[PDB]
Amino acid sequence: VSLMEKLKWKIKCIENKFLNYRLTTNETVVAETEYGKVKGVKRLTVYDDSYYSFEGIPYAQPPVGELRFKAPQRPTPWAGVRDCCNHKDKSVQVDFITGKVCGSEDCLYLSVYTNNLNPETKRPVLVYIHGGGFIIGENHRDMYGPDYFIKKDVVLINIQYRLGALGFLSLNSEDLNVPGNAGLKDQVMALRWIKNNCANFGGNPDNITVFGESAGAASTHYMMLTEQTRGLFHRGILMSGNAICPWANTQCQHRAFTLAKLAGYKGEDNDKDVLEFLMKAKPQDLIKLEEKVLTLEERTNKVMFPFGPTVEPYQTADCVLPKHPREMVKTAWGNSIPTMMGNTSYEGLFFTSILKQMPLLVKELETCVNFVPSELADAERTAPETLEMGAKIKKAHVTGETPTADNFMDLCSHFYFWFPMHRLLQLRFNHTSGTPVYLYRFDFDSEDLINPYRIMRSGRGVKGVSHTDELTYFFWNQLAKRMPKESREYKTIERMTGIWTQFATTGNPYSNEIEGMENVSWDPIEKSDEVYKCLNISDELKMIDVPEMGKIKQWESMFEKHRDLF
């Protein structure tokens, strides 16, 4: 990231700290939890609203020392009152702006926000799980401020969970108790805390909605898939992701040795010896070297992250993913709660910055063989069958005789988001009680209000609605500002928080009380539908057939001779 954007960011960080101070009030409050009393504080917003804030509520023991890489442990209760008037640190990660490692192993906290601690009615509880490819992210209000949602009468909860190798190391040897998915197990424990404590904050424990974007959507989907969470919540929203996205899981059991060897491990590839070395390493050393773990071959085959959610090699008490996600869909309790899913109208624009530094990626579209789903592709991607499958992809996205950068990013929209969504819907339809699933398409484009991901994707002055552009209209961030009440951005904020709050409340995202939705008839998807309908969210709200449908069917056609793997 440029020095200009670095200094720009440092300043906004300095501005955030002062604005945070200025929007703090002297009205502190104490709430009960099952682990003890917590002290919160009332905060203000730039729109002259206010909310009660509890940050730094632990839901697990700090996963340090002998607990590194292990499933989370219930936290120790306290006598007296715990200070929750400040946030804790984020999980150890590379700061995308600075390039330096930041955060802490001591990161298993959540934050609780509401405009009223003693509401007349038990309120809907909305639980946000952040994305960041399971390797970055936080619940800090500089990125995920509740300032917009607290205009609504709900309780909003933002969780953290372990990232990177510290969250997702996985070792085959059963004796070592490192099966993988520690970070997902973190989420499970936070959800359990939420179920048992939201009532203390005005929440209705019988009306909880879990939602997340990108890896947070994959996370939400995992929480709907695993038996560990059966009946814990009542609606789910998957924003630009789910568990069967190719980036959402990986078999990484062999990569722990590689990481160790990157960090100076001397010895043999043995799970016990590799673990012992990894247990003593500085956590910042491991996280910084994570970028080097994937092989050239793995990158070529579109493995995006070395460590992430995995199929656990053996079962344990807290096991979250005993089988591949496709399999877990067959029996998933979450198939039977109201569900909303969606994507932006140009997801793949997110990969602009990556394409810039690696222009040759565009030549992958010559045959598109590298984008053929890995389960269908041969190892070298040289089989004539793989060339045939790649030709189907090529026909779907290459518009001229030579592929362009926009063809690449259009392709990415489907490989990473739209096609996995299609597969999920079709799979789920064969295993559901009949609860509704609604689709949205976020198609609102502005650069008058942005979020820091625009900086990371190098999308300043860039047109189209990228992966993460919707976050701007759900959460306050330190790059935001007060918008005029009549502006299209402000209207979109009210629309997005409105629909999300309507869906969380009733399991149905339609309400006549939301501006622009007067002529909207938002029906869910049925198994018999050959064409998906979605609410296209733009300056106007309009129900349309998913424009991406034709391309989606073209991807599906690669599976013509392998229907059992679709």
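Quick note: we count residues from 1 along the sequence shown, nothing fancier.
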Mean C-alpha temperature factor, higher of 92-100 and 249-257: 92-100
Between 452-460 and 368-376 (mean CA B-factor, as deposited), the higher: 452-460
Residue, from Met279, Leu355, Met223, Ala71, that the PDB entry assigns the highest Cα B-factor: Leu355
Peak C-alpha temperature factor (PDB record), options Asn196, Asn242, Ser466, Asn343: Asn196
CA B-factor ranking of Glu347, expressed as a third of its chain: lowest
B-factor third for the C-alpha atom of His130 within its chain: lowest
Third of the chain, ranked by Cα B-factor, where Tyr35 sits: highest
Entry-reported Cα temperature factor of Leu360, expressed as the chain third it lands in: highest
Among modelled residues of the same chain, the CA temperature factor third for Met543: middle
